[PDB]
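Novice: The structure that follows is given in the form of structure tokens.
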Amino acid sequence: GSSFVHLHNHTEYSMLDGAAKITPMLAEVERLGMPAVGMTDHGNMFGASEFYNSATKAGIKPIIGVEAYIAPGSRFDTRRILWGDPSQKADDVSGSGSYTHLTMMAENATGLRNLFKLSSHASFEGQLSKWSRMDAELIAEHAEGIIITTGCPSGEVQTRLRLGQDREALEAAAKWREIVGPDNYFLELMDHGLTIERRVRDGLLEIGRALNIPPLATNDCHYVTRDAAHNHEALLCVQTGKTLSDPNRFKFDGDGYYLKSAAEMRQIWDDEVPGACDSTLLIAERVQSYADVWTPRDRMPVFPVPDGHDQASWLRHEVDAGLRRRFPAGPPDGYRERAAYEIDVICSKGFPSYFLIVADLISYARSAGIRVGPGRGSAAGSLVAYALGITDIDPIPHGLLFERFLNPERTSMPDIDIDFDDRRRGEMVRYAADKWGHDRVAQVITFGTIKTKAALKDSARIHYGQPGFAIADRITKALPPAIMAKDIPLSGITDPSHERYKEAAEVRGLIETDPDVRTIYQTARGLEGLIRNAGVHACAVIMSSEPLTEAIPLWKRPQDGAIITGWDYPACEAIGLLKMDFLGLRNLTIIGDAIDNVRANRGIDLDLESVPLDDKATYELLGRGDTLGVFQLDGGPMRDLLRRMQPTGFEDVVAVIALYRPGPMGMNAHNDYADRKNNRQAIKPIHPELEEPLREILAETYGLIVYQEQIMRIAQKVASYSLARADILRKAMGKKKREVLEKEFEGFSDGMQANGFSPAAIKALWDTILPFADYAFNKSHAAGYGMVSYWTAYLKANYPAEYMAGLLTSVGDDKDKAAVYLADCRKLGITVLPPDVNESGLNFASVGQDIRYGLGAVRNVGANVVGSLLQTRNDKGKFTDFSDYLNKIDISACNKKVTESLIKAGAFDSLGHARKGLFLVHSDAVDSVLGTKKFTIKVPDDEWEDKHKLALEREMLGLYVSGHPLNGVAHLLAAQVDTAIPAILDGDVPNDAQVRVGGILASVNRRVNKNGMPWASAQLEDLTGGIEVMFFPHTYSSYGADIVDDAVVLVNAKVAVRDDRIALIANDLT
Ligand SMILES: CO[C@H]1C[C@H]2C=C[C@H]3[C@H]4O[C@]2(/C(C)=C/[C@@H](C)[C@@H]([C@@H](C)O)OC1=O)[C@@H]3[C@H](O)[C@@H](C)[C@H]4OC(=O)c1ccc[nH]1
Ligand SMILES: [Zn+2]
Ligand SMILES: [Zn+2]
Ligand SMILES: [Zn+2]
């Protein structure tokens, strides 16, 4: 009799329209001492999972419903239906005749199920624009355990009363009331202090009296506490796309839409309308628990097997067949024993079906010619896998362990992730759908969030319009660089305590000394941590043994009709649905293309299965550090390590991946491996006592602890641990729960003691392991990813030109990657030929010892334009001249834009016209010919300057191919430059000597030190080779204007030698 439950609230799932995050919201419900709360979002049930979980923990009853978007007529019909005369425009059916709101709440578990279904049918059958509409027809069929109200102002009853259609309003109420029932109909009354609500008040109370509808108070809250209303206003401007200054923008009137106290709400309503407040309590008593919806169940598909068999038996049979195929003349010793052990584990844990499903997917793919990758993650450690065809890496030779992948003692579920090539990953999703059902397979949702960089850009737009992007850019490009992907929080820039304060000085400078920047920043802080939009998970596919619609809410992406799921992946798996990960890889595609190029350019047919792992040529390449374009080995650091390591065998490759770990660089493990191997450093026993037990386990890695697998074996020998138990020890050591980690010492200590070890030795091993036990790599992953690295390297080493063509084709879109790769080709000696109209195809092509640029990779030119161009040439001649070109081409390819691009690229150079000439003539000529379609056009003799042509060519192609700037100026620099780049590289020059090098600048990189003062690093490449130059914070200020790519410069520097790297440190640029 003294409290109020709120039944109409909006969370942040009503995207860019609600502001109330669930944990803050439930904090307030507690402080105000209310029994229960409700959530009723706008045409979705996407946040039901988070809400149910949080309320149950914090002891509050959860009520879940939806605010539907109903349709004036049929859901299928997509014609706007206004209900009144033109003048009453702003008081009619909302969204210009599209929709009318309704409030629905789930009393029972049954009710919540029906509500999930109704929501799904709406996206499938009733989508108009961005609103998924139910209609009166749907709701009747699926209507048990739901409670409905006469609705907000934007609902039907109230819109009718506003326009004066009073009899019509009464008719609507009686319709909706019959659908649901006498007890499930309530009259909604809200007061916020405006007239539109007040005029109708008499109207509503009248209808209620006539039809005996009980009344209910609600407050339509979109935010938690009053101080926040300012923020709700900036949010609405993000959704609606209009500036704050603009008069006609959507807005709320006055800050009453918040979680009021019980006392506030009783005064406002208790005097005039008796019982509005008391009914809110009566509803809350009626709601029952929704636990059953969330109780976990077994819902994995069951694989069909031939007669006289079960899942177990068929697994055994398929394993046996696989062993024969791999080992034609008989399995080696012990292979049979490992298989039988593993099969029993899988069968005990009841996962036979899972393995068979994964196998079929790989087999179908192999038939169809889709490449599948060697292995990813932890799966390469199972023999059952290698036999079934899933994995192409043999467990037993390399020492990988089964317990890492599946642990006998623990209870969990296996996770296999599979890579398919980038282009044809799509077919796989479809095929899975075909095989298992269209109603049983779906993709999975992601919820996007606003972080620092996003919020700066939303704020600039709402304050300053579409012209605001330029300012937002300047601020965003002046933040300090990010540690993993995560970036400095917005609070951090201005708060002394936070660790990164020193780093952020530059941006703060602007905040304090510019009005506009300061205004953007203040709005931004409010817009952070809020959900912005829906998205779709990059790899996941959910599968079920039953129709998905009986378990979860679903939606259909409008563009392609794909089914997606309502809840996200942690949430789906919790109730027992199967997740599978199909990943895309682009390096798999490059491999396919280079094989095919050889078949045509030369005659060989190549099978990568039967290439030896010991090719001399591969290792010469890896050792010289020429690894641009090789999987995983691209970085500037990793190239230097490979130089020092000088690899000799496949084992050295598996290791280089795992030793550049975020720990090992600083924890200095990678310098050791290199030196121990090359006899510059001496192996060190951990302790004199323990040398001999642990000699073999650590011999491969020259005495260091590199792999997680090495750790599990150590525990076995010294402390006599079962490999299953050693597995638990690794995980616990990782998380560092101190109480457990303490207990861990007891077990380890006791075991080593019984074996007969000293107190001192026991202490030593523990001490060494803890540092090395958060930076230890999974060996299975490095073996699988090492193979792909080796294959890429072999193909580059034996067939140079054919490989580079496959590579350049894949990076057509990204013009920064293309620039890197095109310079590589030049140094290797390959000649890339300029694009051409008659002798080029869509993709780059290997023609003898050269490559011809692909037309599909010019800027602004698309697939469809080039497709048409080629057919014309096929059918109706070569293109003789520019005029002939204009005559023959169809309408689609006549665009002014396409034509100018090709002029600058050099596509018409063969035909013999000068480049500038075509450009000036192009505008008029296109029009004339296009007119006829719906000519001898003269070409002028003028040409752009060398520098400028190259600048423009770079724009369209990514780098210049026809010539190089230094060509033609190379001699000039030579006269003035005291020291050749080759000499200094060779080590001829004494350390710390003045020098005057000259060349072209490339790959300028911007860096900021701890105190925040910007500086730059660049490569001064000349005709042959280059030496790295560093311009320091002070240097960067005085001469910092000219440090931009592709500038011929003269640098005054100082020779600096360190750790086998020779570099220049410079002060003056002319
Ligand atoms: C969730 O975090 C990711 C980390 C990945 C991030 C960076 C690379 C990093 O580990 C990644 C990766 C995919 C790791 C796997 C262990 C995998 C687990 C779930 O199986 O994913 C992760 O752990 C990537 C790469 O494949 C391996 C070889 C690692 O690459 C390097 O460390 C590396 C350094 C230099 C070149 N490669
Ligand atoms: Zn709203
Ligand atoms: Zn509403
Ligand atoms: Zn509402």
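So the sequence shown is residues 7 to 940, 964 to 1099, counted in the deposited numbering.
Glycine is no exception: its CB is placed at the ideal position from the N, C-alpha and C atoms.
Which residues share a DSSP beta bridge with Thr17?
Specialist: Counting from 1 along the sequence shown, the entry for residue 17 is found at position 11. DSSP output for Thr17 lists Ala26 as bridge partner(s).
Novice: Does the Cβ-Cβ distance between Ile154 and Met111 come in under 9 Å?
Specialist: Sequence index remark: in the sequence shown, residue 154 carries index 148 (1-based). Sequence index remark: in the sequence shown, residue 111 carries index 105 (1-based). In contact: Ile154 and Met111 (Cβ atoms closer than 9 Å).
Novice: Kindly indicate the opening and closing residues of the alpha helix (DSSP H) around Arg342.
Specialist: Position 336 of the sequence shown, counting from 1, holds the residue named residue 342. Taken as a continuous stretch (DSSP letters only), the alpha helix (DSSP H) holding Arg342 covers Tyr341 to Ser354.
Novice: Between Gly635 and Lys802, how many whole angstroms is the CB-CB distance? I'm expecting something under 8 Å.
Specialist: Reading the sequence shown from its first residue, position 629 is the one you call residue 635. Reading the sequence shown from its first residue, position 796 is the one you call residue 802. The Cβ separation is near 7 Å, so the contact holds.
Novice: Are there three or more Cβ pairs, one per stretch, closer than 8 Å when the stretch 607–618 is compared with the stretch 773–788?
Specialist: Taking 8 Å as the limit for Cβ pairs, the verdict is that the stretch 773–788 does not touch the stretch 607–618.
Novice: Hey, is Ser138 close to ligand 2, as in C-beta under 8 Å from one of its heavy atoms?
Specialist: Here residue 138 is taken as the residue at index 132 of the sequence shown, counted from 1. No, since every heavy atom of ligand 2 falls outside the 8 Å radius drawn around the Cβ of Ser138.
Novice: If you reduce the DSSP assignment to three classes, tell me which class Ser251 lands in.
Specialist: Counting from 1 along the sequence shown, the entry for residue 251 is found at position 245. In the structure shown, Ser251 sits in coil (DSSP, three-state: anything other than H, G, I, E or B).
Novice: My assumption, with CB atoms under 8 Å, is that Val1006 sits in contact with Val1026. Please give the rounded CB distance.
Specialist: Translated into positions along the sequence shown, residue 1006 becomes position 977. Translated into positions along the sequence shown, residue 1026 becomes position 997. The Cβ separation is near 6 Å, so the contact holds.
Novice: As an exercise, report each continuous alpha helix (DSSP H) stretch of at least 4 residues that is fully enclosed by the stretch 832–907, in chain order.
Specialist: As far as the stretch 832–907 is concerned, its whole alpha helix (DSSP H) runs of at least 4 residues are 869–881 and 888–894.
Novice: Assuming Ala661 and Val604 are in contact, meaning their beta carbons sit under 8 Å apart, how far apart are those beta carbons, in whole angstroms?
Specialist: Position 655 of the sequence shown holds residue 661. Position 598 of the sequence shown holds residue 604. The pair is not a contact, with the Cβ atoms about 31 Å apart (cut-off 8 Å).
Novice: Going by C-alpha to C-alpha distance, which of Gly582, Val659 and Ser503 sits closest to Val299?
Specialist: Here residue 299 refers to the residue found at position 293 when the sequence shown is read from its first residue. Comparing Cα-Cα distances from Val299 to each of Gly582, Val659 and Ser503, the minimum goes to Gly582.
Novice: Kindly indicate which three-state DSSP category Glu534 falls into: helix, strand or coil?
Specialist: Position 528 of the sequence shown, counted from the start, is the residue given in the question as residue 534. Here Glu534 sits in coil by DSSP.
Novice: When DSSP labels each residue in this structure, what does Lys823 get in the three-state scheme?
Specialist: Working through the sequence shown from its first residue, we reach residue 823 at position 817. Helix at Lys823.
Novice: Does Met586 pass the burial test, meaning 16 or more other C-beta atoms within 10 Å, or should it be called exposed?
Specialist: Counted from its first residue, the sequence shown places residue 586 at position 580. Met586 should be labelled buried.
Novice: With a threshold of 8 Å (Cβ to nearest heavy atom), would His107 be considered close to ligand 3?
Specialist: Taking the first residue of the sequence shown as 1, we reach residue 107 at position 101. Yes - ligand 3 has a heavy atom lying nearer than 8 Å to the Cβ of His107.
Novice: Would DSSP call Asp632 helix, strand or coil?
Specialist: What you label residue 632 is simply residue 626 of the sequence shown in a count that begins at 1. Three-state DSSP puts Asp632 in coil, outside helix and strand.
Novice: Looking at the strands, I want to know which residues DSSP matches up with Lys585.
Specialist: Within the sequence shown, residue 585 is the residue found at index 579, counting from 1. DSSP, once it has assigned bridges, lists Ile548 as partnering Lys585.
Novice: Go through the stretch 389–436 residue by residue and report every complete run of the alpha helix (DSSP H) that reaches 4 residues or more, in order.
Specialist: List check, alpha helix (DSSP H) in window: 389–394, 401–404 and 408–411.
Novice: In the DSSP assignment, what are the bridge partners of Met110?
Specialist: Sequence index remark: in the sequence shown, residue 110 carries index 104 (1-based). For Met110, which the question treats as bridged, DSSP gives the partners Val72 and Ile154.
Novice: Going by C-alpha to C-alpha distance, which of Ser916, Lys976, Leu917 and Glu906 sits closest to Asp930?
Specialist: Residue mapping note: residue 930 aligns to position 924 of the sequence shown, counting from 1. Nearest of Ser916, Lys976, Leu917 and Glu906 to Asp930, Cα basis: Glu906.
Novice: Just to confirm the assignment: which complete alpha helix (DSSP H) runs, minimum length 4, are found wholly within the stretch 735–785?
Specialist: Entirely contained in the stretch 735–785, the alpha helix (DSSP H) runs reaching 4 residues are, in chain order, 744–761 and 765–775.
Novice: Are there three or more Cβ pairs, one per stretch, closer than 8 Å when the stretch 304–322 is compared with the stretch 345–360?
Specialist: The stretch 304–322 vs the stretch 345–360: in contact.
Novice: Between which two residues does the alpha helix (DSSP H) carrying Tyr470 extend?
Specialist: Taking the first residue of the sequence shown as position 1, residue 470 is located at position 464. Element bounds for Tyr470: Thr458 to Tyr470.
Novice: Would you grab the beta carbon distance between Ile1091 and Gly1054 for me? Rounded to a whole angstrom, and I think it's under 8 Å.
Specialist: Locating residue 1091 in the sequence shown gives position 1062, where the first residue counts as 1. Locating residue 1054 in the sequence shown gives position 1025, where the first residue counts as 1. Actually they are not in contact, since the Cβ atoms of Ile1091 and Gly1054 sit about 11 Å apart, beyond 8 Å.
Novice: Check each candidate in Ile368, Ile402 and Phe309 and name the one with the smallest Cα separation from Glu343.
Specialist: Mapped onto the sequence shown, residue 343 falls at position 337. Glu343 has its Cα closest to that of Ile402, out of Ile368, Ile402 and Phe309.
Novice: Residues in the same chain with beta-carbon distance under 8 Å from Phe57, minus the five sequence neighbours each way, listed in chain order, please.
Specialist: Here residue 57 is taken as the residue at index 51 of the sequence shown, counted from 1. Excluding positions up to five away in sequence, the list reads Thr17, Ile28, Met45, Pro68 and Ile70.
Novice: Considering only residues of the same chain and omitting the five flanking positions on each side of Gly631, which have a CB-CB separation below 6 Å?
Specialist: Reading the sequence shown from its first residue, position 625 is the one you call residue 631. Around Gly631: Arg645, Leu648 and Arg649.
Novice: Which runs of the alpha helix (DSSP H) spanning at least 4 residues fall entirely within the stretch 468–518, listed in chain order?
Specialist: You should have 475–482.
Novice: Nearest by alpha-carbon distance to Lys459: which of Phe453, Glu698, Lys483 and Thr62 is it?
Specialist: For the purposes of this step, residue 459 is taken as the residue at position 453 of the sequence shown. For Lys459, the nearest C-alpha among the options comes from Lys483.
Novice: If you draw a straight line from the alpha carbon of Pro618 to that of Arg331, how long is it in whole angstroms?
Specialist: By one-based count along the sequence shown, residue 618 stands at place 612. By one-based count along the sequence shown, residue 331 stands at place 325. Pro618 and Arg331: Cα-Cα distance of roughly 19 Å.
Novice: Mind checking whether the beta-carbon of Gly161 lies closer than 8 Å to any heavy atom of ligand 3?
Specialist: Within the sequence shown, numbered from 1, the residue matching residue 161 stands at position 155. Yes; taking the cut-off as 8 Å, the Cβ of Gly161 has a heavy atom of ligand 3 nearer than that.
Novice: Consider the C-beta atom of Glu73 and the heavy atoms of ligand 4; say whether any pair is separated by less than 8 Å.
Specialist: Counted from its first residue, the sequence shown places residue 73 at position 67. Yes; taking the cut-off as 8 Å, the Cβ of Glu73 has a heavy atom of ligand 4 nearer than that.
Novice: Quick check: is any heavy atom of ligand 4 less than 8 Å from the C-beta of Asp259?
Specialist: Along the sequence shown, read from residue 1 onward, the residue named residue 259 stands at position 253. Not so, every heavy atom of ligand 4 lies at least 8 Å from the Cβ.
Novice: Roughly how many whole angstroms lie between the Cα atoms of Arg563 and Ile570?
Specialist: As a working mapping, residue 563 is identified with position 557 in the sequence shown. As a working mapping, residue 570 is identified with position 564 in the sequence shown. Roughly 7 Å between the two C-alpha positions.
Novice: Checking the sheet assignment: what are the DSSP bridge partners for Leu560?
Specialist: One-based indexing of the sequence shown puts residue 560 at position 554. According to DSSP, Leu560 bridges with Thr571.
Novice: Hey, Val935 and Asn893: beta-carbon distance below 9 Å or not?
Specialist: The sequence position of residue 935 within the sequence shown is 929, counting from 1. The sequence position of residue 893 within the sequence shown is 887, counting from 1. A contact, by the Cβ cut-off of 9 Å.
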